[PDB]
Amino acid sequence: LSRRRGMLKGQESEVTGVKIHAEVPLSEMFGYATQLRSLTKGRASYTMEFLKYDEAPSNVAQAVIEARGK
Amino acid sequence: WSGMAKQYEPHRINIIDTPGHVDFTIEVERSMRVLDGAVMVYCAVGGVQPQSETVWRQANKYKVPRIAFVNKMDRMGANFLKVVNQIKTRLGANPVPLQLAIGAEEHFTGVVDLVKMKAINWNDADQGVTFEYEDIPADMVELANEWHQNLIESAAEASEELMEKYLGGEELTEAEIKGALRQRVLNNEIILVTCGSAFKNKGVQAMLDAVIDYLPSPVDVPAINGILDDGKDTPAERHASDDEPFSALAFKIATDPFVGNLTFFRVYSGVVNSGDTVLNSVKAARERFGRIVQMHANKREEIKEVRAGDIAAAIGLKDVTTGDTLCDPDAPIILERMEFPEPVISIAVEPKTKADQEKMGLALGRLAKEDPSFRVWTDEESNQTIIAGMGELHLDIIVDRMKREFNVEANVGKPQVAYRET
Amino acid sequence: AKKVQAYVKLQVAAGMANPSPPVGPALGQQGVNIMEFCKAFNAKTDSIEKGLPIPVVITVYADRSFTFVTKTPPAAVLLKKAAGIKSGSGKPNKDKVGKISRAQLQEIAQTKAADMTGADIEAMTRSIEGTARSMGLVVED
Amino acid sequence: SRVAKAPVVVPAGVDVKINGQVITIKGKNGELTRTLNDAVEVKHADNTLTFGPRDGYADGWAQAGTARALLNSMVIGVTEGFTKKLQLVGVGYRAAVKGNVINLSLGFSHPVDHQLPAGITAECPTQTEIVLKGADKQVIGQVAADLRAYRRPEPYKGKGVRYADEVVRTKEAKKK
Amino acid sequence: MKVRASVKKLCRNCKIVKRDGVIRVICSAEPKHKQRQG
Amino acid sequence: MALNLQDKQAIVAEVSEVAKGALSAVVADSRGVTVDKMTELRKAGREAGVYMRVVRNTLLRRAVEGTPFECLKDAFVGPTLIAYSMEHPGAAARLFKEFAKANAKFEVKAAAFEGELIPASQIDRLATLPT
RNA sequence: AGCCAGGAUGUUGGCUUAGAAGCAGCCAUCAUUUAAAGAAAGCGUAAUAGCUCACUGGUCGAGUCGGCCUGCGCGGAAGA
Ligand SMILES: [Mg+2]
Ligand SMILES: [Zn+2]
């Protein structure tokens, strides 16, 4: 989750699992579970829900300006 | 299946095999409520594994009475007792071993039963289909004695009178042992585990006998809870016997290679007969019930009659989605199940030819009805379609089904992230 | 006997000692139950204070037995809502440790001298005296 | 240094024979003989065995300490002998023994039979572990390293031939 | 290993050795710190 | 980091209190936790006094330089590891025996409390309360 | 150097009332206890664990430890 440009906010451990909260950007999550299952031996799942907005320097959005609908 | 050398009349055992991938887990979700029991297969060397615990949770949600098979005793490094203990400590179950292993790998020839107290070594050499009992084998007699004694203690704690009778120094008969073990296996007490090797065809012949001995019947499993459209709870317990009006449960639409519908339907109560009328009580829709088909011995038998507990499939036009009830106009409308998994992986998709967006629209429309664990989307940043599925493979075996079923090719892509600026 | 395998030195606000999903990912791998988790550590802590983490032991038995003698929150640890300043150590040279008086600091070092004992009570007194100045600012009286 | 400047005190019942440079030590286990580097002076001297650097040989003290340690090991071999213990971790890894041949079943398609050198007797108290016994330290260490090299331990699941005391430093496969 | 023209101890656990006229580093703890020449 | 000056100073400082003081005890504790050598030391400081440092001084000439001032036969503590504690309250008091009492209870070993020939005592307990 | 234990009671130092938990969020801390606790520099790092900073304690008893200047060498050093 830290590899992804995501920030963790608390990780309470309930029994038989650990509950880990982190407001990760959506761009850094487009195949998460398959990788997460590799990381968890297929014993974990993730639930994500949009919260807010912030910035990270990426002219990749300048890369996608004139490719479609200039 | 009549019985392995001990037989008791034709039983139509009805079998739904289950897949093993979390990717396509809805076929295990729908096919666990529809089930009365479940044979929890296991790898005698792999043991219990991510999917085994996953399907364990699946069954626990429906409290299905489950017995377990332990396959793969020929592979080197396989040991029945270790996997048995794994169940005891990886799933929090009470794994009563109603069998035992005679050897491992090459050694495997038979299994020590704790009630017959014999170990039948099948005649695999001519054909597995032939079988033979053997009196009290010395190799496992000390191990079997201690493990069999353990089984009697479970039979005892099974009934209160029995417990005290077990404290009477007296043993248990060929009916109180099983009837004690069975009568609560119906109620989610303990999972019976038998070992075998479907490759070498041993253990299995006995496994079928255990299913009759302990796995529940539609008359043994408790009666089904029911409800109407408005009455918060019309009890609607449909007594299983087909004396109530016809009341089934449809669990899977099918892309039949020829028919195009083949929605399987599991009849709990009542009797539909080669042409009747029932409504989509979950959808508020009406249509007839034409051509029931039940496939047995791999021959696709066509049936004009389907009854209580009788698993079959239907050819029709009007859609019945998975977990949708097929009750009579009497209508115990809603059955409690209204659950489908939310998609865990969402990927964009678009055809290779720019004019098959309509065809890819209609194909994904159909492939979205065929399983509920597969959403299709239209996000508003752009018209781009998003095929949100459960797993990578779940929606990777659908990008090529369009290639196979609907002869349309698509090119997937990462979804476009909504980027607003300020 | 069993202190070695389960191990988390952590105490959240002890209005309820050790709430189950409140602490963090070290006690999740700890079989200790919640039935007696905050019964005698939310009420019997009144020997020092209520609202401060009750310093306790993490000793249970493999036979499911649980015995321990809980210590108290420090007089410096209590210096977040009881001794005034919510700020404290790390910046006692760039900030104040609070309007702390030694007319109270010595009394607190003497009356809270039960858990950390010694040959002479002045030893635990100097212990707490270094504990407060472990921030860098202590009552100069 | 203070290695060679320390006598190898022979036990009771061992027969040492310092013939020139090459030297034999007889014992209860067997017989070990060693050709000392010519830069070493060794005497019996009343139940001991002492080494001293010959004159004209700048590397006299290195060879002195070396020869002293080697003869100490030879003595301990002829009286006690050294016993190496190996284990087979990994599923289906079994190492049954037939006389002077260790039949290792270590996962290769081909069968593995390492014919022991003269002097090392391998036994297996279990399907999956070897216990080498021998008279010479160097050759038993060599046989252990020979067996271990067939299926060396690996950094992920410890599978392979390992010494009983070996501390295999493992690691995780990947994040992925 | 690395064949840098300059071997140095990268860890507390590394050792300088001169096997066969080549100056190697043999770190028992981290096998990345294992160096050959120079 | 015990320098020679500091060495001769500390040996003399820990030997003077025992030389002009009373009969004390020592232990042989090479395997104990901070807690075991700590609570026993607190007990020992409560019994007699807080002057005793629990550090050990069993070097081959630590006691062979301090104990040999008078009653030099009391220089028999060289071979085994030792961290002593004084007992001003009476010869062969509880402190001169509490170490050996705890030798098998919550403590490793107590060097048998060899004693010292201050009055040239023999095998017996020096103080008996006739009371 | 080798060989026999330990590296607190504030001790999760309060230390940005999520902890960066003896060793990343920042800092100044033996204060009985001392040979110990540094209150941080890898294994977890979020703890533990057993090694870790070090240090004594015992064991046996001869030099050892670093840097500086230096002579000759060593690797750096691959072409048809
Ligand atoms: Mg040069
Ligand atoms: Zn290194």
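- Structure determination for the deposited model, as stated in its record, used cryo-EM, and the stated resolution is 3.1 Å.

1. Thoughts on the overall build of chain E
Next, step 1: In terms of regular secondary structure, chain E is built from zero helices and two strands.
Next, step 2: If one aligns the C-alpha atoms of chain E with their principal axes, the spans along those axes are about 25 × 15 × 15 Å.
Next, step 3: Expressed as a percentage of the 38 residues in chain E, the buried residues total 18%.

2. Concerning the pairing of strand β2 (residues 66–70) of chain B
Residues and elements named next belong to chain B.
Next, step 1: The pairing of strand β1 (residues 38–40) with β2 spans three bridges and is classified as parallel. Looking across to β2, one finds that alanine 38 is bridged to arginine 66.
Next, step 2: Of the strand pairs in this sheet, β2 and strand β5 (residues 193–195) are connected by three bridges, and their pairing is parallel. Bridge pairing in β5 links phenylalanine 69 to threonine 194.

3. What to know about the packing of helix α4 (residues 141–158) of chain B against helix α6 (residues 176–185) of chain B
Residues and elements named next belong to chain B.
Next, step 1: Running from amino to carboxyl end, α4 crosses α6 at an angle of 60 degrees, the nearest separation of the two axes being 8 Å. Taken together, the axes of α4 and α6 lie oblique to each other. Of the two possible hands of crossing, α4 and α6 adopt the one that is left-handed. Contacts from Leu151, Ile152, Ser154, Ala155, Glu157 and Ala158 of α4 reach α6 at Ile177, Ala180, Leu181 and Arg184.
Next, step 2: Taken together, the residues that form the contact of α4 with α6 break down as seven nonpolar, one polar and two charged.

4. Focus on the side chain of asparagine 71 of chain B
Residues and elements named next belong to chain B.
Next, step 1: Relative to the helices and strands, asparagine 71 resides in the loop between β2 and α3 (80–90).
Next, step 2: One polar contact links the side chain of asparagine 71 to the main-chain amide nitrogen of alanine 198, over a distance of 2.9 Å.
Next, step 3: Not counting residues within four places of it along the chain, the set of residues in contact with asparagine 71 comprises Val41, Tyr42, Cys43, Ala44, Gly196, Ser197 and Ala198.

5. Concerning the pattern of salt bridges
Next, step 1: The closest approach of N and O atoms between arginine 5 of chain A and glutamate 28 of chain A, which form a salt bridge, is 3.3 Å. In this pair, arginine 5 of chain A sits in the segment before β1 (7–8) while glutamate 28 of chain A sits in the loop between β2 (22–23) and α1 (32–40), placing the two residues 23 residues apart along the sequence.
Next, step 2: Across the pair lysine 17 of chain D and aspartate 15 of chain D runs a salt bridge whose closest N-O atoms are separated by 3.5 Å.
Next, step 3: Because the salt bridges share partners, they merge into one network encompassing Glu157, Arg184 and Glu189 of chain B.

6. Topic: the state of the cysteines
Residue and element names in this part refer to chain E.
Next, step 1: Each disulfide pairs two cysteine sulfurs, and for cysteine 11 the partner residue is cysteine 14, the sulfurs being separated by 2.1 Å. The S-S bond linking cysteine 11 to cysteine 14 shows a torsion near 100 degrees; that makes this disulfide right-handed.
Next, step 2: Here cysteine 11 pairs with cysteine 27 through a disulfide, and the sulfurs are 2.4 Å apart. Its S-S torsion of approximately 140 degrees makes the covalent link between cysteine 11 and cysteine 27 right-handed. You can see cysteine 11 sitting in the segment before β1 (16–17) and its partner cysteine 27 sitting in the segment after β2 (24–25), a full 16 residues away along the chain.

7. Side note on the sheet that holds strand β11 (residues 129–134) of chain D
All names here are of chain D.
Next, step 1: Pairing is antiparallel across the open sheet formed by four strands, whose spatial order is β10-β11-β6-β12. Only two strands of the sheet have a single partner each, and these edge strands are β10 (120–126) and β12 (160–163). Going across the sheet, the axis of each strand differs from the next one's by a mean of 25 degrees, ignoring polarity.
Next, step 2: Two elements, strand β6 (residues 82–89) and β11, share six bridges in a ladder whose sense is antiparallel. If you follow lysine 84 over to β11, its bridge partner there is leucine 132.

8. Here we look at the side chain of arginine 337 of chain B
Residues and elements named next belong to chain B.
Next, step 1: Tracing the backbone through its elements, the reader meets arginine 337 in the loop between β13 (324–327) and β14 (345–351).
Next, step 2: At a separation of 3.4 Å, a polar atom in the side chain of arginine 337 contacts the main-chain carbonyl oxygen of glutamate 339.
Next, step 3: Those residues in contact with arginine 337 that sit more than four places away from it in its chain are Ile26, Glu29, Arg30, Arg33, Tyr62 and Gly323.

9. Topic: the domain arrangement of chain D
Next, step 1: Structurally, chain D comprises domain 1 (8–76) and domain 2 (82–163).
Next, step 2: Taking the mean C-alpha position of each, domain 1 of chain D and domain 2 of chain D sit 31 Å from one another.

10. Examining the interface of chain B and chain A
Next, step 1: With 16 residues of chain B in contact, the opposing surface of chain A contributes 13 residues.
Next, step 2: Those elements that provide at least two residues to the side of chain B that touches chain A are α2 (50–62) and β14 of chain B.
Next, step 3: In the side of chain B that touches chain A, the residues fall into nine nonpolar, two polar and five charged.

11. A word on the environment of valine 272 of chain B
Residue and element names in this part refer to chain B.
Next, step 1: When you line up the elements, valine 272 lands in strand β8 (residues 272–273).
Next, step 2: Along the chain, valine 272 and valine 306 lie 34 residues apart, while their C-alpha atoms are 6.1 Å from each other.
Next, step 3: Discounting chain neighbours no more than four positions away, the residues touching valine 272 are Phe246, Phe265, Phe289, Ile292, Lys304, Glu305 and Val306.

12. Section: the sheet that holds strand β2 (residues 23–26) of chain D
Residue and element names in this part refer to chain D.
Next, step 1: Taken in spatial order, the three strands line up as β1-β2-β3 in an open sheet, and their pairing is antiparallel. One side of each edge strand has no neighbouring strand; the edge strands of this open sheet are β1 (15–18) and β3 (31–34). Neighbouring strand axes in the sheet, compared pairwise and without regard to direction, differ in orientation by 10 degrees on average.
Next, step 2: When β1 meets β2, the two strands line up antiparallel, connected through four bridges. Looking at the pairing, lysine 17 lines up with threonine 24 of β2.
Next, step 3: Where helix α1 (residues 60–79) meets the sheet, its contacts fall on β2 and β3, and the angle it forms with β2 comes to roughly 25 degrees.

13. Comments concerning the packing of aromatic side chains
Next, step 1: When the ring of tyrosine 32 of chain A is compared with that of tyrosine 46 of chain A, the centres are 5.1 Å apart and the planes differ by 90 degrees; the resulting orientation is edge-to-face. Highlighted residues: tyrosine 32 of chain A in helix α1 and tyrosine 46 of chain A in the loop between α1 and α2 (60–63), separated in sequence by 14 residues.
Next, step 2: Seen from their ring centres, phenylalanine 246 of chain B and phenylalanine 289 of chain B are 5.8 Å apart, and the 65 degrees between their planes marks the pair as edge-to-face. Pair noted here: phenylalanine 246 of chain B is in the loop between α7 (204–214) and β6 (247–252) and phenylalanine 289 of chain B is in the loop between β10 (285–288) and β11 (305–306), with a separation of 43 residues, a long-range link.
Next, step 3: Put simply, the rings of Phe246, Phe265 and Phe289 of chain B pair up and form one aromatic cluster.
Next, step 4: Across from the ring centre of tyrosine 53 of chain A, 4.9 Å away, lies the NZ or CZ of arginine 420 of chain B, which sits over that ring.

Parameters and conventions
Residues numbered from 1 in each chain as written, not as in the entry; some residues may be left out. Chains lettered and ligands numbered in written order. Part of a larger assembly, values for the part shown. Heavy atoms only, no water. Residues with missing side-chain atoms left out of burial classes, pairs and counts. Helix = DSSP H or I, 4+ residues; strand = E, 2+ residues; numbered from the N terminus. Buried < 20%, exposed > 50% of the residue type's maximum accessible area, 1.4 Å probe, protein only. Pairing = 2+ DSSP bridges. Axes fitted to C-alpha atoms, helices over the stretch in contact; angles between N-to-C directions. Parallel < 35°, antiparallel > 145°, perpendicular 65-115°, else oblique. Left-handed = near helix turned anticlockwise from the far one by under 90°. Contact = heavy atoms within 4.5 Å. Nonpolar A, V, L, I, M, F, W, Y, C, P; charged D, E, K, R; others polar. Polar contact = N/O pair within 3.5 Å; in protein donor to acceptor, adjacent residues only side chain to side chain. Salt bridge = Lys/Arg side-chain N within 4 Å of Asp/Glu carboxyl O. Disulfide = S-S within 2.5 Å. Domains from an automatic or database assignment. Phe/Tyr/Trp six-rings, centres within 6.5 Å; stacked < 30°, edge-to-face > 60°. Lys NZ or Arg CZ within 6 Å of the ring centre and 35° of its normal.

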